[PDB]
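Worksheet: the structure to be examined is printed underneath.
Bear in mind that the values in this text are calculations on the coordinates, not laboratory data.
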């Protein structure tokens, strides 16, 4: 893996680069993951993939799925955004894909602000933070 120099420049260039480059989504997830915000990173991925492909019934069950897992009223955490008393199952009884893209664009904005202030808080630019440690050697 050559991901160190240019890679960090990529993701700290634009959030799109991060959410485009596989290694970005990988290493960035691990960060929030261990800091307990994987709900955030997975939410965007899920709603975007949900936006790109899904059958009708599946989509509806996935609508309530992503809501219940990442947002919900508690979700054993949830990201601190519009969600607590928002949506509610009452709208999941008639859910549509693009309706989440509203929250997606929202979390995208919050993501840049917050998630940058997180990733650039504990810079994984160091191997002593991003766990590689060992050499390839043999």
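Take every Cα pair under 8 Å whose residues are at least 6 apart in sequence, average their separation, divide by the length of the chain, and the relative contact order is 23 percent. Here the chain is described by how far its Cα atoms reach on the three principal axes: 55, 28, 27 Å, from widest to narrowest.
Helix 22-35 and the longest principal axis of the Cα set of the chain meet at an angle near 80°.
Straightening the chain between residue 112 and residue 80 buys 10.1 nm, computed as 0.36 nm per residue apart minus the Cα-Cα spacing. Its DSSP H runs of at least 4 residues, each contributing -39,500 (n - 2.57), put the calculated 222 nm mean residue ellipticity of the chain at -15500 deg cm²/dmol, to the nearest 500. Treating the angle as unsigned and between 0 and 90°, give the value, to the nearest 10°, between the Cα long axis of helix 97-110 and the longest Cα principal axis of the chain. Value to nearest ten degrees: 40. Helix 38-52 and the longest principal axis of the C-alpha atoms of the chain enclose an angle of approximately 60°. Distance from the alpha carbon centroid of segment 1-24 to that of segment 48-123 works out to 23 angstrom. A full extension of the chain between residue 69 and residue 91 corresponds to an added length of 6.3 nm, given 0.36 nm per residue minus the alpha carbon distance.
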